[PDB]
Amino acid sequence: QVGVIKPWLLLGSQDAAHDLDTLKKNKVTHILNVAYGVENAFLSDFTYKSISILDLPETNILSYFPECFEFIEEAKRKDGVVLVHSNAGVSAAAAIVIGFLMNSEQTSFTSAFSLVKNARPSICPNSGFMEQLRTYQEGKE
């Protein structure tokens, strides 16, 4: 299962990452895998990047922005389509997508959150991720 945030920006679970037919139907070109233990199943069909982002409040989600956002922008620059996925893809993967929208569109946490939540209503970033994103633009700590 897949949220279409933009036509080129998708958010989903590990099951999305392993559903070839739907990856093709959505014209996926790039897959950002922030899960644990999820094999990149289709090496010949997609450009993959992995980065471990554990679903804990202690994870520093902001730390991952340079690497993750460069990849997303790579997909976009090439007029492709990137799927960001994790295990359940409701928390860490959601937070990366929210942050990306915040930075790429210079939009607020609440605006970006709303865009993701409408596209994938099962999102529920952990409290630490919410605090980290809510106070990123203001520069807390």
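In case it trips you up, residue 1 is the first one in the sequence shown, and so on.
- Relative to its counterpart among 85-93 and 23-31, 23-31 has the higher mean temperature factor, C-alpha atoms as listed in the PDB entry.
- Taking the mean C-alpha B-factor of each stretch as recorded, 63-71 and 110-118 are not equal, and the higher mean is that of 110-118.
- When the modelled residues of the chain are ordered by C-alpha B-factor, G37 sits in the lowest third.
- The entry lists a Cα temperature factor for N103 that places it in the highest third of the chain's modelled residues.
- When the modelled residues of the chain are ordered by C-alpha B-factor, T47 sits in the middle third.
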